[PDB]
Amino acid sequence: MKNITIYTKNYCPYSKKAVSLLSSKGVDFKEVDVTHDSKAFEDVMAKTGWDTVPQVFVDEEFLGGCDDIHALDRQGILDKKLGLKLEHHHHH
Ligand SMILES: N[C@@H](CCC(=O)N[C@@H](CS)C(=O)NCC(=O)O)C(=O)O
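Right, dumping it as structure tokens:
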């Protein structure tokens with residue numbers, strides 16, 4: 001399983017919706033609540049240059065926010081990013 005992390009705040013509808021989407025995918029993931037934690041939020045802001053929640057990561061790859069991960073899903077490429085099963089056809 002990949003290391004999936006989402007940074008959230010408890011008043012934010014968009015972080016709640018992103019968590020919901022991730023739950024809907026059947027993956028395990030770590031939620032880091034930064035509602036009350038300036039240091040943790042600043043550390044992540046330094047990493048991405050983004051100053052909002054949610055921020056979603058898969059093994060150090062930053063996928064963005066609520067809008068971004070929903071766009072990835074419409075594009076059909078969120079599953080792959082999250083570590084869901086890949087199928088390959090082998091031909092001789
Ligand atoms: N369109 C963004 C919206 C993100 C956003 O506006 N987050 C707000 C809270 S609801 C925020 O991080 N405000 C700064 C803060 O709450 O500290 C997304 O898709 O993630």
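Residue numbers for the sequence shown follow PDB author numbering, beginning at 1 and rising by one.
A virtual CB, placed ideally from N, CA and C, is assigned to each residue, including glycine.
Leaving out the 5 sequence neighbours to the left and right, which residues in its chain are closer than 6 Å to residue i when beta-carbon positions are compared?
{"i": "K85", "result": "none"}
{"i": "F62", "result": "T48"}
Is it buried or exposed, residue i, if we count other Cβ atoms within 10 angstroms and call 16 or more buried?
{"i": "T35", "result": "exposed"}
{"i": "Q55", "result": "buried"}
{"i": "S15", "result": "buried"}
Please report the residue range of the alpha helix (DSSP H) in which residue i lies.
{"i": "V32", "result": "Premise fails: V32 lies in the beta strand (DSSP E), 30-33, not in any alpha helix (DSSP H)."}
Whole angstroms are fine: how far does the CA of residue j sit from the CA of residue i?
{"i": "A46", "j": "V53", "result": "13 Å"}
{"i": "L72", "j": "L78", "result": "5 Å"}
{"i": "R74", "j": "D68", "result": "10 Å"}
{"i": "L21", "j": "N10", "result": "16 Å"}
{"i": "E42", "j": "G76", "result": "31 Å"}
{"i": "residue 109", "j": "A18", "result": "The requested residue 109 does not occur in the structure, where the chain is confined to residues 1 to 92."}
Looking at residue i and ligand 2, is the gap between the Cβ and the nearest heavy atom below 7 Å?
{"i": "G65", "result": "You won't find ligand 2 in this model; what it holds is ligand 1."}
According to DSSP, is residue i helix, strand or coil?
{"i": "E42", "result": "helix"}
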